[PDB]
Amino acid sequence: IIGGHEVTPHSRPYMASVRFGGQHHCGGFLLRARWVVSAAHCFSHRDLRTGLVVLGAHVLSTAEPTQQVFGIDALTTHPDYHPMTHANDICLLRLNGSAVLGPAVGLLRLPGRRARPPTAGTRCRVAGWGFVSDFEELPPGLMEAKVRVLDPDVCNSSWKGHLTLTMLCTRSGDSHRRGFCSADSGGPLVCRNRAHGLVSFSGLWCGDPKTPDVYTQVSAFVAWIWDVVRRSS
């Protein structure tokens, strides 16, 4: 996360750390005790059994008592996720067990089915354990940045018309570079206490205004998410 601050340890309990080969790879969120929502691209060319979902963490490197580590029993990627286009960059993860709810391991709510994406200007927040700059610099723990929803017609121009109706953008509330970076994918864009977006792609350099931060418009997927969840009891 660029242009962000470190969060109060355990102040965002829904945050999941998807890790492959010891190293933290992506972000995600706890939907239900057994379910985690993430970016479909995180699992591309990975063997699931090399992966763990870590909940209740702040300093990922430290083995905290608050931490709860689970395996991926099953991964449901959006059937229509397209590499090259990056559309439908969403997936669901069924853990090998249910997470024990506590003050450090908690749920995040999706918008209703009756939901349009947040308006251009809306104050939103993006958390993650990914890089803090374009120099591979690591955060001291879970970081968050305060962002504001950017007009899609504006975002689509910057992106040379590569944006689909199921994507949504952010921009910093000021002149500084604020947003997501590498290893922040899958993590949620919280708007009005609901997961409105999910960290998908950005340009080359982090928070660069010329290439605004693109997210998956969660509301457009709510129906699918539940379908999958009720499918697997």
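The first residue of the shown sequence is 1; numbering continues from there.
Peer 1: If you average the Cα B factors in the entry, which is higher, 145-153 or 71-79?
Peer 2: Stretch with the greater average CA B-factor: 71-79.
Peer 1: Tell me which stretch, 213-221 or 19-27, has the higher mean Cα B-factor listed in the entry.
Peer 2: Comparing averages over the C-alpha atoms only gives 19-27.
Peer 1: When the CA B-factors of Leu163, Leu108, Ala127, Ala104 are compared as recorded in the entry, which is the largest?
Peer 2: If I rank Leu163, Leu108, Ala127, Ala104 by C-alpha B-factor, first place goes to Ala104.
Peer 1: Per the entry's Cα B factor values, which of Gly203, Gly179, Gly187, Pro65 stands out as the maximum?
Peer 2: Across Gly203, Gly179, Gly187, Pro65, the entry lists the biggest C-alpha B-factor for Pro65.
Peer 1: Among the modelled residues of its chain, does the C-alpha B-factor of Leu52 lie in the lowest, middle or highest third?
Peer 2: It falls in the top third of the chain.
Peer 1: Within this chain, which third does the Cα B-factor at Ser175 fall in: lowest, middle or highest?
Peer 2: Ranked within chain, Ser175 CA B lands in the highest tercile.
Peer 1: Lowest, middle or highest third: which one holds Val132 when the chain's residues are ordered by CA B-factor from the entry?
Peer 2: It belongs to the lowest third of the chain when residues are ordered by C-alpha B-factor.
Peer 1: So where's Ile2 on the chain's Cα temperature factor ranking, which third?
Peer 2: Lowest third, going by the recorded CA B-factors of the chain.
Peer 1: Would you mind checking where the Cα B-factor of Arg194 ranks among the modelled residues of its chain, as the lowest, middle or highest third?
Peer 2: Tercile = middle for this residue's CA B-factor.
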